[PDB]
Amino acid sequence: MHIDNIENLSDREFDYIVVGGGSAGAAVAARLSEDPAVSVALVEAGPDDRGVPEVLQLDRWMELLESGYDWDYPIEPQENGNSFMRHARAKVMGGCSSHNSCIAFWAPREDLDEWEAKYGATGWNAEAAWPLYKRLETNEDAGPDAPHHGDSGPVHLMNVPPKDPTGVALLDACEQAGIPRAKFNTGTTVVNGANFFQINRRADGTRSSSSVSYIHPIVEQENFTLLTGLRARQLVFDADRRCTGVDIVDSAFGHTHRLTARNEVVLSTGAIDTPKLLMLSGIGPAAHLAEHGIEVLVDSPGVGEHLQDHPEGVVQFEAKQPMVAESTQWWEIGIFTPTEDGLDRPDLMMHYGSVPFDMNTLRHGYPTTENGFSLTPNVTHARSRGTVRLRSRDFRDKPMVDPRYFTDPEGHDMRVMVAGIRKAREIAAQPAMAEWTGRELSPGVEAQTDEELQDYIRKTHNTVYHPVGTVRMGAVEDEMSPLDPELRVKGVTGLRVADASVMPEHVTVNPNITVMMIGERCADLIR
């Protein structure tokens, strides 16, 4: 059942409570509910997405940025970055799977294998993840010639059709620059290669969000309770520091209600809101909690530390012919290439967007167009590390999000981004793109030196919208990892975290499907 008025829920005790109906949370809640003897509550601050066209129709996604569907988290002033940048985060069932571009990737095996081998996360490797990617998806590429693929899972992945002529020409241009066409999600990492994406979208244009995929089919299940429009303000603990449930409100100034869990509570509020909720509940860096008058239940210094992202630059071009006016999601191609020899993962990625992306260039006076395209390089393994911290002890105050972009001491992130702008220019300049590439609008051909491109990047960079890593898993004995390898919050019992917070190291690719995989694995670790 769907509860949209908490005042009518009389029995508020469940076996499991999942907090946050996002990419991971929806998956955890649905998988736990597959046992009819187990009762599960899924609590989400935003509305139900059922029948909401702006959310459901993927090609409308860019309209959700800074809408009522967006928590809208501006960042703290950046030491070496864009202080105007905003971390858009969805406030709606499905979480960011309901506001995103649906770019769908399996993580490289080399990334996942390292979670265990390098970062102490016992049991987290490609052997554990491959069957879960299979289980979660219905992939267009499924079949005996690609037996790793799922053909039955809730999350539908399809290939973006090569309809966009500028896209086709860009791929031809990649080939000329020595970047071959490569299939994505084959099980083998693409180090040097490019193509139209796979996207998690259904045939009819509906995003295959975690809510559409996992939740809509089960809303009437007898053992499943969906609670929307309800915002968690604190986790509640014993006595013996067992998490017994969660305090929620239906409106900022209203009565506090509580839901209780007999077995466990799973926190899935994502990489920004998770560390915030833990800190408000007394789990976090002791000095920071004390500063805000919060009783320290667990001194957990890794909470809100190790914030990682894929920082993003932009190169914008006027197009010499009419650009496409229809799309799956306006960002249909990805390009991977290594900037150095010896790599088993690309250190650089670029997206191609069939629109001019002027979000951060217009304010700095760069020219605009209504007929143009963008190439957006990102750093796949940024070395910079930031924080999420409390602004105050009041749950209604937005957290302080400081990614510390381009602050890594060896200057890796900036070096790769500069290479990325140069590589974007190189691809755009190939013969196959001669009939497309017009004037470069930003940074503009006048920007040529390392220094000029660095200044431009600092002023105008965005994000691919991939904050991760703020409540990382790690070795039981590592004090700076708030979670053990089974996602259990250290220092407390009955509480796990499952969402993008958990990643010890960012993945090379767009993380959404991997975060769904994290939810699948959390369900399994529990059951």
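Just count from 1 along the sequence shown to find any residue number.
Checked against the record, the higher mean CA B factor of 438-446 and 229-237 lies with 438-446. Comparing 314-322 with 206-214, the higher mean C-alpha B-factor in the PDB entry belongs to 314-322. Taking the deposited Cα B-factors for 409, 403, 131, 275, the highest one is held by 409. Comparing the listed residues 513, 507, 19, 9, the entry records the largest Cα B-factor for 9. Residue-level temperature factors show residue 119 in the highest third of its chain, judged at the C-alpha atom. Residue 103: CA B factor in the lowest third of modelled residues in this chain (values from the PDB entry). In the PDB entry, residue 484 places in the middle third of its chain by CA B-factor. In this PDB entry, residue 181 carries a Cα temperature factor that places it within the highest third of its chain's modelled residues.
In the deposited entry, the Cα temperature factor of residue 349 places it in the middle third of its chain's modelled residues.
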